[PDB]
Amino acid sequence: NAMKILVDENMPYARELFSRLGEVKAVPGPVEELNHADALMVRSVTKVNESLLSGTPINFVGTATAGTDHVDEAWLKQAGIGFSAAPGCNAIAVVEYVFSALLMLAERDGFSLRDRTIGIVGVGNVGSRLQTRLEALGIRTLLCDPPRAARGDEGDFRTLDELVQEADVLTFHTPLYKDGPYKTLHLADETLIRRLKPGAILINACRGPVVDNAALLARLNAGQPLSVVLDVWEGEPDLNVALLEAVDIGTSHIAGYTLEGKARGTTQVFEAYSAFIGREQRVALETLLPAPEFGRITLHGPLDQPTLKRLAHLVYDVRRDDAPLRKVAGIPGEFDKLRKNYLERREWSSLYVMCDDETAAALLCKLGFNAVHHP
Amino acid sequence: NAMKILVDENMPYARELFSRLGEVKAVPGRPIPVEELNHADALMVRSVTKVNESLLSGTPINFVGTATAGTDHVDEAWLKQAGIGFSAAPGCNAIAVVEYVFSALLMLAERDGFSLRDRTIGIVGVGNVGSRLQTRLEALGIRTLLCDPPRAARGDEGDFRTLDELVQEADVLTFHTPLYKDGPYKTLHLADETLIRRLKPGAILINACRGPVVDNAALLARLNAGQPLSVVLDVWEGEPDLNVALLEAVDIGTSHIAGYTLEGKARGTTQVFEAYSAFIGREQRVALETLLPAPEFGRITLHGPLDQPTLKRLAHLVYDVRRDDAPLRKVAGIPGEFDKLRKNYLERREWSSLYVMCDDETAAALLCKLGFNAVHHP
Ligand SMILES: NC(=O)c1ccc[n+]([C@@H]2O[C@H](COP(=O)([O-])OP(=O)(O)OC[C@H]3O[C@@H](n4cnc5c(N)ncnc54)[C@H](O)[C@@H]3O)[C@@H](O)[C@H]2O)c1
Ligand SMILES: NC(=O)c1ccc[n+]([C@@H]2O[C@H](COP(=O)([O-])OP(=O)(O)OC[C@H]3O[C@@H](n4cnc5c(N)ncnc54)[C@H](O)[C@@H]3O)[C@@H](O)[C@H]2O)c1
């Protein structure tokens, strides 16, 4: 008469949390416990399907990821088995990766970020959060999301062609669709890339094939005035290395990797499961996380661009992941080795900022720092 | 019957500081009206004023101050002969330069994925800057070799090695000598063609002293030949007309700004204020914090022990040398922009302006030794 919850043994905080609801056995991502369990919380490694579950009493499957590729959500729901992913769990990580790249390019190239026009392609978990933060800085942002538009969501949704005409930063946050009216495979092909404004910045931290890597390379090689930030590559793990040499920032598909991010995976699945069994519970994310290296800092004066750059980069400077990828890119095994070995990264909210300036604190909070004003 | 003190009208904090000791009149440094020198008790100058018998003869001036690290514009011997007090500001800008060097090295260590404590640092010239660099590398347990024959010939105590020995055993080589055109200590092109070529594979070469200490032509020649070398340059042969292709090739190139911190610049006036206070029987020490505006980031907490990445984050919160390398690459071949970058140089602070509270006592001890204002808060 209590629930037996199997959790993956390398899933952070899983034992801590799930015991608020039942007995936890930690399985490596083993038959005997499956047939005598009521719930299963997994990571990407475990294919979840009829094969593995049919016949068991398992009544709920949580996956601690934004992704769901490795699960057949369909069969479970067909079967009456509750399911939950952790959508958006890594979203803030990507937004701060994007901000980290932009603030570096803004200093390196002597331009003013508040002056840019930013087109967001895909306004979902990642793009909507990016929109919120760009707006708080008063940066004009153009939104492109034909599905949301078609479905009747509110907002000023423009066409991709419109974004290409008006933006000088273009960032992609769509899924990978290979056909249909919303096809995103090679959404950024030679024709689109070629129309990009002089000095435009192209950012792809979503899925590799959304950008045609060979065409992008060719335009860069012909001298198109264009800056590029890539976190995802066609052909991963065997990226186009020549392309890496021509981009301003390339990293090994680590944009989503923060500590807070891994912990939200476990956290959301906990909350869904707690709701599933009539015991809705929430969890302080700060109760779980170890203190970061730099926890508190004072700020004197207004927030300006260089001040914001020093703040974000104190937490995460994208160049620390760019440099090691350049050192090993054409060596088989190494791309994947940099993901497995990924070093601890925190989010801006882990940093407590004490501002004597009221406006700097208001702005920092809207950017996602834990900022306060000191009268 | 108050002291009359003449101050170069462009020296920072001059009136604020000296009007504590006497009447203070601001004067241009070139030329100084003679009526003024004739009624003055003390003169505080910058490098534009040649101080010698022609300037001071027959005047009542009993002390000369120069808010300046160097003493080329001053006839010190003559001042001794005449009984006139003198003070420069030796080392006023040394910490600026050292924190600049650390900024560059911490950037390269991350970029290239090496640990600092696996590098051997040869310091050439071990005076005000060289010996501060030493202290700090040694506090980090980084192996350093010292080269400074003028100190060895004086019989100074230390492990003084020859230049050539540094070239065999060091993979970081950094120059802090003045420029001597000849004599036994000639530093002109001290790092020439032959010397550069012998630098260990993966070597890092830094020059933040005087442009012509390193043969820029030879260096470019080696780089073009494909020698695995890293180069950090803040000073250049033929400034402001630097070798542009040598710029495109170095890892970091900045526009002779290594010494430019608010602290460096205010310390010229400070050390001279201090020396003069003592000279007239009013020994007075003055703390920079009460003169300089408060810094943007004045306090931060550090949880746990220091490691290299943590130290890089701290040094670069304060000063990331890349912020000076980037503007120079944008405008290097445009005649006049180099001087314009120095003229409008934006505020830079020293590590001592960051107050660091560490829950690890050994992190505190170390950061303190490194020049942060670090304190253990259990
Ligand atoms: N780089 C990383 O480490 C990492 C981390 C997190 C997410 N991602 C990827 O980034 C992408 C965005 O993630 P998310 O969490 O926001 O997912 P999401 O499902 O919340 O949002 C995707 C949005 O794109 C929109 N979209 C679909 N087709 C489009 C089209 N053709 N043109 C414009 N918009 C379109 C959808 O309507 C949806 O609003 C996904 O591909 C995700 O897998 C990568
Ligand atoms: N880049 C900048 O913005 C900047 C700022 C400050 C100082 N500097 C320069 O850096 C140099 C160091 O300044 P400092 O305050 O340490 O001066 P310093 O006089 O205290 O140091 C010079 C040291 O070098 C030694 N030396 C002389 N000739 C040598 C040689 N042949 N080989 C090895 N050592 C030799 C001397 O014995 C002395 O110890 C100065 O020349 C100064 O002009 C540059």
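Quick note on labels: first sequence line is chain A, next is B, and so on, each numbered from 1. Every heavy atom of this structure was used, including side-chain atoms; hydrogens, water molecules and symmetry mates were not.
Contacts of residues 357-375 of chain A with chain B at a heavy-atom distance below 4.5 Å are absent; not one residue qualifies. Of residues 299-330 of chain A, those residues lying under 4.5 Å from chain B by any heavy-atom pair are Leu299(A), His300(A), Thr307(A), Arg310(A), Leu311(A), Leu314(A), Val315(A), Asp317(A), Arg319(A), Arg320(A), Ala323(A), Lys327(A). The interface of residues 347-355 of chain B with chain A, defined by heavy-atom distances below 4.5 Å, is empty.
Most heavy-atom pairs under 4.5 Å with chain B: of the set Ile297(A), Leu343(A), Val353(A), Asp356(A), this distinction falls to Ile297(A). Taking chain A as the reference chain and counting heavy-atom pairs below 4.5 Å, the highest number among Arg111(B), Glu296(B), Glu110(B) is found for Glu296(B).
With a 4.5 Å cut-off on non-hydrogen atoms, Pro293(B) does not touch chain A at all.
In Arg339(A), the CZ atom is crowded: over 12 heavy atoms of neighbouring residues, nucleotides or ligands sit closer than 6.0 Å.
The stretch residues 331-340 of chain B participates, sequence neighbours left out, in these salt bridge (charged side-chain N to carboxylate O under 4.0 Å, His left out) pairs: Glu337(B)-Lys340(B).
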